[PDB]
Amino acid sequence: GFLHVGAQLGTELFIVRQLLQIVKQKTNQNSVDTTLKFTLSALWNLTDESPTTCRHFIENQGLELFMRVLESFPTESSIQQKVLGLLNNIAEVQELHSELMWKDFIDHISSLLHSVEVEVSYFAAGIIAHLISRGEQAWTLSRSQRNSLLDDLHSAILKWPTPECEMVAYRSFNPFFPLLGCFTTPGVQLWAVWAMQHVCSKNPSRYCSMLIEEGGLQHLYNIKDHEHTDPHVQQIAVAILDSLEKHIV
């Protein structure tokens, strides 16, 4: 039994508030411990495909707190990964895009894009890819920074080695599909196809069938068949398609 009809949502939101309170306490104490790491993991996990949780995070000063986490722990790669992983989930929510148009936030993300650790850079890239995908008018910060970020995003992806593990898990590829259509901003497409390639090659039994079942073949074929595709985007799309085509047969 439980408190009342509908009470589970109120409990979910309370849990988010209390996890942010732990983050705040650990950050105040400059204490990187197991509790903080499990707390950042939990918030990342709870924001997965959950606009309701993403919104509640924003409304409880989560963005400011998480910038404080990055400033307080600049040498903690695993902390940065979990912070950025959550923020990548926020960045997928179009209704929250305006909440991320904050110079202190974008400047932190832009700098972490240049981390040599792929486990950090990858999520900074995902945030930027989603934000840039929404178009120049949706971008209410400096136009010059948006244009620079476009090039930095493209160049950063091309430097990444093959990571040792899956850096992330996905329940669905649906959030990536709008990115695959962004022909006028190739770095956005490049992040999406690199991401799909990474998880499909690491874990094809989980992800290849999922990608096909959700309609990924048509989206990838539309990139391949597009006349004037960025050469790096085209190459990863073709590489993914070859794997997928062998998977169906």
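Heads up: residue numbers just count along the shown sequence, starting at 1.
When the mean C-alpha temperature factors of 231-239 and 9-17 are read from the deposited coordinates, 231-239 comes out higher. Taking the PDB entry as given, 199-207 carries the higher mean Cα B factor of the two stretches 199-207 and 54-62. Highest C-alpha temperature factor among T140, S121, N174, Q80, as the PDB entry reports it: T140. Looking at the C-alpha B-factors along this chain, the one for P163 belongs to the highest third. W191 sits in the lowest third of its chain by CA B factor, as recorded in the PDB entry. Sort the modelled residues of the chain by CA B factor and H130 lands in the lowest third.
Split the chain's modelled residues into thirds by C-alpha temperature factor. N30 is in the highest one. In the deposited entry, the Cα temperature factor of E99 sits in the middle third of values across the chain's modelled residues.
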